[PDB]
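Worksheet: one structure, shown below.
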Amino acid sequence: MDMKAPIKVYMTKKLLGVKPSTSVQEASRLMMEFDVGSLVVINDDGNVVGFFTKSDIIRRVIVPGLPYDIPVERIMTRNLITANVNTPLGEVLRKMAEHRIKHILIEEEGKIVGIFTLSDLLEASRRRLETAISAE
Amino acid sequence: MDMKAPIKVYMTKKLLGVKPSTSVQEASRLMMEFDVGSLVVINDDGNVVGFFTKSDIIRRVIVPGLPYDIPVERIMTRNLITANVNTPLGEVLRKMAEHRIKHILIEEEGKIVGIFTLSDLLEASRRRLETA
């Protein structure tokens, strides 16, 4: 990994979304199934209306003792913390540290195109290459 | 950062434990208050007997339906995958990748003395100086 290189080389497309009516319990299962620590919430027009992590689920559900059937809409954050595809790795890491986050949405020309997580960092630290061409 | 540097150089000693009887809900409140992602369960002797992360709470409480007030002892991991204080970063990252975990307890002579998470990895990634 190179702290100078654009975040777009270490980011992933593996970004899952759920509808606002999706229950915390279902969102939790989906997260464990696909191994992701966060989820974006999309409205019926296909746009991001929210975002939330596993941590949000612990702090906004488990602690207050709220039902596991409540819609994630009730615990999601309604603004996103992002980084541009061209923002170099180092600066992205610094931003995640300052904001205390484990996941950061990637933006390009206004739209969310991917996400960078601590798992991705681990992947980069291990020098694992994503191949765009066929392997046999 | 140096792949051969002993993990103790990059870990955090800010590791807290709770007792087996502590409730999943209390533990969670404790985690938010202390700003930690996981906790270890400690017996009367003061030795670690378990470990669970925020992620584990979700996987064993939220999805199954269990009440948020049960004993963390029922949702804790007893199969501790650990690394040694002198285990080089490279080896830890391998072990972590192998076991697919984002938290690895650190031990000294068999006693838990800290933890290394991917958050610690991020900080190590940003360090500008190396440690002889």
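Residue names in the structure tokens use chain letters A, B, ... in the order shown, residue numbers from 1 in each chain, and ligand numbers from 1 in the order shown.
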
Could I get the residues of chain B with an atom no further than 9 Å from an atom of chain A, each paired with its nearest atom pair and that distance in Å to one decimal, using only C-alpha atoms, sorted by chain and residue number, as CSV?
```
residue,atom,partner,partner_atom,distance
B:24,CA,A:62,CA,8.1
B:25,CA,A:63,CA,5.4
B:26,CA,A:63,CA,7.2
B:27,CA,A:63,CA,8.8
B:28,CA,A:63,CA,6.1
B:29,CA,A:63,CA,5.5
B:31,CA,A:59,CA,8.9
B:32,CA,A:59,CA,6.6
B:37,CA,A:55,CA,8.1
B:54,CA,A:55,CA,6.6
B:55,CA,A:54,CA,6.5
B:57,CA,A:58,CA,8.0
B:58,CA,A:28,CA,6.6
B:59,CA,A:32,CA,6.8
B:62,CA,A:25,CA,5.8
B:63,CA,A:25,CA,5.3
B:64,CA,A:25,CA,8.4
B:65,CA,A:68,CA,7.3
B:67,CA,A:65,CA,9.0
B:68,CA,A:62,CA,6.2
B:69,CA,A:65,CA,8.7
B:90,CA,A:126,CA,8.4
B:93,CA,A:122,CA,7.4
B:94,CA,A:126,CA,8.0
B:97,CA,A:122,CA,8.0
B:102,CA,A:119,CA,7.6
B:118,CA,A:118,CA,5.9
B:119,CA,A:118,CA,7.0
B:121,CA,A:122,CA,7.7
B:122,CA,A:93,CA,6.8
B:123,CA,A:97,CA,7.8
B:125,CA,A:93,CA,8.3
B:126,CA,A:90,CA,7.2
```

**Message:** Considering only alpha helix (DSSP H) as DSSP defines it on the backbone, what residues of segment 8-125 of chain B qualify? List them as a VMD selection string.
**Reply:** chain B and resid 24 to 34 54 to 57 89 to 99 118 to 125

Please report, as a PDB file with N, CA, C and O atoms, in the first residue's frame, each residue of segment 3-101 of chain A to which DSSP assigns strand (DSSP E) when run on this structure's backbone.
```pdb
ATOM      1  N   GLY A  17     -27.273  -2.065   0.642  1.00  0.00           N
ATOM      2  CA  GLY A  17     -28.303  -1.156   1.094  1.00  0.00           C
ATOM      3  C   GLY A  17     -29.571  -1.872   1.511  1.00  0.00           C
ATOM      4  O   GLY A  17     -29.838  -3.000   1.090  1.00  0.00           O
ATOM      5  N   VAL A  18     -30.341  -1.215   2.366  1.00  0.00           N
ATOM      6  CA  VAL A  18     -31.609  -1.748   2.830  1.00  0.00           C
ATOM      7  C   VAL A  18     -32.606  -0.606   2.725  1.00  0.00           C
ATOM      8  O   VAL A  18     -32.212   0.556   2.647  1.00  0.00           O
ATOM      9  N   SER A  38     -21.390  -2.019   8.003  1.00  0.00           N
ATOM     10  CA  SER A  38     -22.309  -0.914   7.803  1.00  0.00           C
ATOM     11  C   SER A  38     -23.263  -1.141   6.650  1.00  0.00           C
ATOM     12  O   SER A  38     -23.114  -2.073   5.871  1.00  0.00           O
ATOM     13  N   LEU A  39     -24.245  -0.259   6.556  1.00  0.00           N
ATOM     14  CA  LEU A  39     -25.250  -0.314   5.513  1.00  0.00           C
ATOM     15  C   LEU A  39     -25.747   1.094   5.217  1.00  0.00           C
ATOM     16  O   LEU A  39     -25.832   1.930   6.115  1.00  0.00           O
ATOM     17  N   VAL A  40     -26.045   1.354   3.947  1.00  0.00           N
ATOM     18  CA  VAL A  40     -26.619   2.628   3.548  1.00  0.00           C
ATOM     19  C   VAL A  40     -28.098   2.302   3.421  1.00  0.00           C
ATOM     20  O   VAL A  40     -28.462   1.144   3.226  1.00  0.00           O
ATOM     21  N   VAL A  41     -28.946   3.309   3.539  1.00  0.00           N
ATOM     22  CA  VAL A  41     -30.387   3.123   3.421  1.00  0.00           C
ATOM     23  C   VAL A  41     -30.855   3.877   2.184  1.00  0.00           C
ATOM     24  O   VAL A  41     -30.549   5.058   2.020  1.00  0.00           O
ATOM     25  N   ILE A  42     -31.601   3.195   1.319  1.00  0.00           N
ATOM     26  CA  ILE A  42     -32.072   3.794   0.073  1.00  0.00           C
ATOM     27  C   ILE A  42     -33.590   3.938   0.007  1.00  0.00           C
ATOM     28  O   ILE A  42     -34.316   3.015   0.370  1.00  0.00           O
ATOM     29  N   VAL A  48     -29.693   7.455  -1.584  1.00  0.00           N
ATOM     30  CA  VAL A  48     -29.284   7.250  -0.209  1.00  0.00           C
ATOM     31  C   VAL A  48     -29.954   8.264   0.703  1.00  0.00           C
ATOM     32  O   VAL A  48     -29.843   9.479   0.503  1.00  0.00           O
ATOM     33  N   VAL A  49     -30.659   7.747   1.699  1.00  0.00           N
ATOM     34  CA  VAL A  49     -31.359   8.572   2.660  1.00  0.00           C
ATOM     35  C   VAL A  49     -30.745   8.404   4.033  1.00  0.00           C
ATOM     36  O   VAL A  49     -31.039   9.166   4.942  1.00  0.00           O
ATOM     37  N   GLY A  50     -29.887   7.403   4.185  1.00  0.00           N
ATOM     38  CA  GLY A  50     -29.273   7.181   5.475  1.00  0.00           C
ATOM     39  C   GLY A  50     -28.064   6.272   5.466  1.00  0.00           C
ATOM     40  O   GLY A  50     -27.656   5.769   4.426  1.00  0.00           O
ATOM     41  N   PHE A  51     -27.513   6.045   6.652  1.00  0.00           N
ATOM     42  CA  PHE A  51     -26.328   5.219   6.820  1.00  0.00           C
ATOM     43  C   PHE A  51     -26.230   4.828   8.291  1.00  0.00           C
ATOM     44  O   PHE A  51     -26.611   5.615   9.174  1.00  0.00           O
ATOM     45  N   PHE A  52     -25.723   3.628   8.559  1.00  0.00           N
ATOM     46  CA  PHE A  52     -25.564   3.174   9.936  1.00  0.00           C
ATOM     47  C   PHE A  52     -24.618   1.978  10.065  1.00  0.00           C
ATOM     48  O   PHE A  52     -24.452   1.176   9.143  1.00  0.00           O
ATOM     49  N   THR A  53     -23.993   1.878  11.231  1.00  0.00           N
ATOM     50  CA  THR A  53     -23.036   0.813  11.510  1.00  0.00           C
ATOM     51  C   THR A  53     -23.557  -0.152  12.555  1.00  0.00           C
ATOM     52  O   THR A  53     -24.665  -0.002  13.057  1.00  0.00           O
ATOM     53  N   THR A  82     -17.710  11.309   3.721  1.00  0.00           N
ATOM     54  CA  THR A  82     -17.111  10.732   2.539  1.00  0.00           C
ATOM     55  C   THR A  82     -15.707  11.192   2.237  1.00  0.00           C
ATOM     56  O   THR A  82     -15.139  12.041   2.917  1.00  0.00           O
ATOM     57  N   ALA A  83     -15.169  10.608   1.181  1.00  0.00           N
ATOM     58  CA  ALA A  83     -13.846  10.912   0.695  1.00  0.00           C
ATOM     59  C   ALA A  83     -13.969  10.764  -0.808  1.00  0.00           C
ATOM     60  O   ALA A  83     -14.720   9.926  -1.293  1.00  0.00           O
ATOM     61  N   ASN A  84     -13.236  11.573  -1.549  1.00  0.00           N
ATOM     62  CA  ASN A  84     -13.286  11.504  -2.994  1.00  0.00           C
ATOM     63  C   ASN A  84     -12.398  10.367  -3.530  1.00  0.00           C
ATOM     64  O   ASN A  84     -11.384  10.018  -2.920  1.00  0.00           O
TER      65      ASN A  84
END
```

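For residue 85 of chain B, the residues within 12 Å (counting only C-alpha atoms, excluding itself and residues fewer than 6 positions away along the chain) are residues 5, 6, 7, 8, 9, 10, 11, 12, 13, 91, 92, 104, 105, 106, 107, 108, 109, 110, 111, 112, 113, 114, 115 and 116 of chain B.
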
Just C-alpha atoms for this one: save the residues we selected as a short mmCIF file (atom, residue, chain, number, x, y, z; two decimals), in the first residue's frame.
```
data_model
loop_
_atom_site.label_atom_id
_atom_site.label_comp_id
_atom_site.auth_asym_id
_atom_site.auth_seq_id
_atom_site.Cartn_x
_atom_site.Cartn_y
_atom_site.Cartn_z
CA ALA B 5 8.25 -5.10 14.55
CA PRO B 6 6.83 -6.82 17.69
CA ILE B 7 3.07 -6.28 17.91
CA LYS B 8 3.51 -4.76 21.40
CA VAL B 9 4.91 -1.72 19.60
CA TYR B 10 1.50 -1.05 18.00
CA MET B 11 -1.10 -2.57 20.33
CA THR B 12 -3.27 -0.85 22.92
CA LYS B 13 -3.39 -1.65 26.64
CA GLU B 91 2.46 -12.65 11.63
CA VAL B 92 -0.45 -11.05 13.50
CA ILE B 104 -6.86 -10.28 18.29
CA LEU B 105 -6.00 -10.56 21.97
CA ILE B 106 -2.36 -10.16 22.94
CA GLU B 107 -0.73 -12.33 25.54
CA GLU B 108 2.42 -12.40 27.65
CA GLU B 109 3.38 -15.76 29.18
CA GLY B 110 -0.18 -16.89 28.63
CA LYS B 111 -1.78 -13.86 30.31
CA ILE B 112 -3.89 -11.36 28.34
CA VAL B 113 -2.15 -7.97 28.49
CA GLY B 114 -3.77 -6.07 25.64
CA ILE B 115 -5.37 -6.28 22.23
CA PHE B 116 -4.66 -5.41 18.60
#
```

**Message:** My list of candidates is A:107, A:60, A:136, A:81. Which is closest to residue 95 of chain A when distances are computed with only C-alpha atoms?
**Reply:** A:81

**Asked** atom CA of residue 116 of chain A and atom CA of residue 89 of chain A, how far apart in Å?
**Response**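 These two atoms are separated by 9.8 Å.
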
**Request:** Choose the residue, out of B:41, B:89, B:16, B:48, that has the smallest atom-to-atom separation from residue 72 of chain B; count only C-alpha atoms.
**Result:**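 Smallest distance to residue 72 of chain B is found for B:41.
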
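Shortest separation to residue 111 of chain A among A:70, A:79, A:132, A:47 occurs at residue A:47, atoms counted being only C-alpha atoms.
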
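Each of B:77, B:56, B:21, B:30 was checked against residue 43 of chain B using only C-alpha atoms; the smallest atom-to-atom distance is that of B:21.
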